[PDB]
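Following: one structure in structure tokens, then a few remarks.
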């Protein structure tokens, strides 16, 4: 199936409390695999996935040097944006970036992307054509021009189509046992009483990987999507995810409702009842 | 942008007293990123707590996971206390083992 | 492998 290499970057200024905090967190699909935190006792790029032990010392030194270079670059960016927006030096501000590429099952690039945000709002983004930028405001229009004159889009395209793709393939290979596995979810239903002769039936799905899953409740064969409670799929601390979906039904009518779980680790979907 | 965090507390496996497990506190959809997360066992702060799985959603709000290993007992209670500027009083969410 | 970002 498709796979992706994504980096979530954050730069937050802490006026009065010293230098801003800088963080890089990398992901291959739903798995965190590398991280850098400027607040760390010893700021170094560190592995977050066991399979990353296959990379030599030179890998960690290079990535650490780049991250520190990025830290300095974003320190300046925070100052620059105060100018663009005419903001005072005393406030805390945030720059967020999501950068990455995705390859199909055969390892060829499907798409590459890069998007910036300032204080929680879109700032500038690379367009699907990987050649042009789109600014969310006049400030971003300043950056757009700078980048066009520096030929930045070409440099980024080189990375997205090259480095990003090749390293993504490499990570998928070295960590294939972890990244290409499939953990089948284990599901169960809980019952909770409520006032006015009604009950809450909750359908739980635990220990699955990849994170993609579909949990639905049905009555008369119709899926009750509109009348359904649900949490976003969440990591459970060991590389797997969980999710639950609930429905409040009339007391004594619980047996007319079934929970269905669809996941790639299930040849046939699970059907549960209380 | 200021967004109040959604705090979810849950274990890796259905709790079984005496069996090791992992307690999770997923703090999601918040902004700005400044936040203090504490996991508590019987009202006392737990030291060995790992932070991971940080990400942003499409609206740019933050998601972070705080987790620690633990072996449930019938008399031990757990909770996650979160301090964030979008709130005046810190919020404590208890682990509901009957959820 | 991360990218070396350009300044804004």
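Under 8 Å for C-alpha pairs, at least 6 residues apart: give me the relative contact order for chain B, rounded to a whole percent. Kindly include the intermediate steps, with their values, before the conclusion.
Numbers: 220 pairs, mean separation 32.8, N = 99.
Contact order relative to length: 33 percent.
Note on segment A:182-274: Rg/Rh from Cα positions, Kirkwood definition for Rh, rounded to two decimals, is 0.98. The mean number of Cβ atoms from other chains found within 10 Å of a Cβ in peptide B:53-62 is 6, as a whole number.
For segment A:174-207, backbone nitrogen atoms closer than 16 Å to the point 7 Å from residue A:251 Cα along Cα-to-C-beta are found at A:191-201. Highest GNM mean-square fluctuation among A:155, A:194, A:75, for chain A modelled with Cα contacts below 10 Å: A:194.
Using only the Cα atoms of the protein assembly as shown, each taken as one equal point scatterer with no solvent, compute I(q) by the Debye sum, divide by I(0), and report log10 of the ratio at q = 0.07, 0.10, 0.12 Å⁻¹. Normalising to I(0) and taking log10 leaves -0.37, -0.75, -1.05.
Axis of helix A:57-85 versus longest Cα principal axis of chain A: the two differ by about 80°, to the nearest ten degrees. Helix A:152-161 and the long axis of chain A differ in direction by around 50°, with both axes built from C-alpha atoms. Over chain A, Cα pairs under 8 Å with separation of 6+ residues give a relative contact order of 13 percent.
The spacing between segment A:136-174 and segment A:228-254, judged by their C-alpha centroids, is 38 Å.
To the nearest ten degrees, helix A:138-150 and the longest principal axis of the Cα atoms of chain A are 60 degrees apart.
Ratio of Rg to Rh for segment A:146-217: 1.35 [Cα atoms; Kirkwood radius as inverse mean 1/r over pairs].
GNM remark for chain A: springs join alpha carbons under 10 Å apart, and the peak mean-square fluctuation among A:238, A:129, A:37 falls on A:238. When the Cα atoms of segment A:53-125 are aligned to their principal axes, the ranges along those axes come out at 49, 31, 14 Å in descending order.
Pairwise Cα distances in segment A:1-181 exceed 24 Å in 42 percent of cases.
Across all directions, the shadow cast by the convex hull of chain B built on its C-alpha atoms averages 6.5 square nanometres.
Quick reminder, even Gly has a Cβ in these numbers, built from the backbone with ideal geometry, and neighbours come from all protein chains shown. Every number in this text was worked out from the coordinates using simple rules, so none of it is lab data.
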